[PDB]
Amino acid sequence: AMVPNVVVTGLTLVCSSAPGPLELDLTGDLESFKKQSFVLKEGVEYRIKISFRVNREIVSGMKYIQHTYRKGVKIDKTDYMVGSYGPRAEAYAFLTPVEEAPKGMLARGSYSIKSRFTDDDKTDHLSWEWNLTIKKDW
C-alpha cells in the first residue's frame, strides 16, 4: 500500500521565549538528529507538538510515548493519550500538556529522548530519537 496509513510528519517544541524555531522534520532522514540538539533555557514552559497524517482509515487509541535518558540511563517513561482519528487531507497536530523545563543543577544537562507514536495494535507509526539540552541561558 504505497504510503502507510499513519505518517508522522513532524515534532515541534512550542515555546514562547525560544529565540528560534525548534522543529524536527520526520519525513526526511531521521539520522540527522543525533548530531543536533534542541536547547531550552531552564524553567521555561513548553509543549511538544506532534504532527501526523491519517491517509485511509480510523486509528483508535493513538499514544505518544516518551522514554527520556541522561548519561545513557533511563530516567523517565511517560505516555500520553492521543486518541482517535479518521483519515483526511490536512495533517493533524497533537499537543502535550504544558511542561516546564527543569531548573537547578540537579536538572541542567543533556537529555536524549526516544519517542514512539503508536496505537493499540502496537504499530510503529514511527519511532525516532532526539536531543534536549537544558541550559542556564539560550
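In this text, residue numbers run from 1 along the sequence as written.
Participant: For the stretches 97 to 105 and 31 to 39, which has the higher mean C-alpha B-factor as given in the deposited record?
Facilitator: On average, C-alpha B-factors are higher across 31 to 39.
Participant: Which wins on mean Cα temperature factor, 10 to 18 or 115 to 123?
Facilitator: That would be 115 to 123.
Participant: Quick check for you: using the entry's CA B-factors within this chain, is residue 77 in the lowest, middle or highest third?
Facilitator: Highest third of the chain for residue 77's C-alpha B-factor.
Participant: Could you place residue 45 in the lowest, middle or highest third of its chain by Cα temperature factor, using the values in the record?
Facilitator: Lowest third.
Participant: Would the CA B-factor of residue 64 place it in the lowest, middle or highest third of its chain?
Facilitator: Tercile = highest for this residue's CA B-factor.
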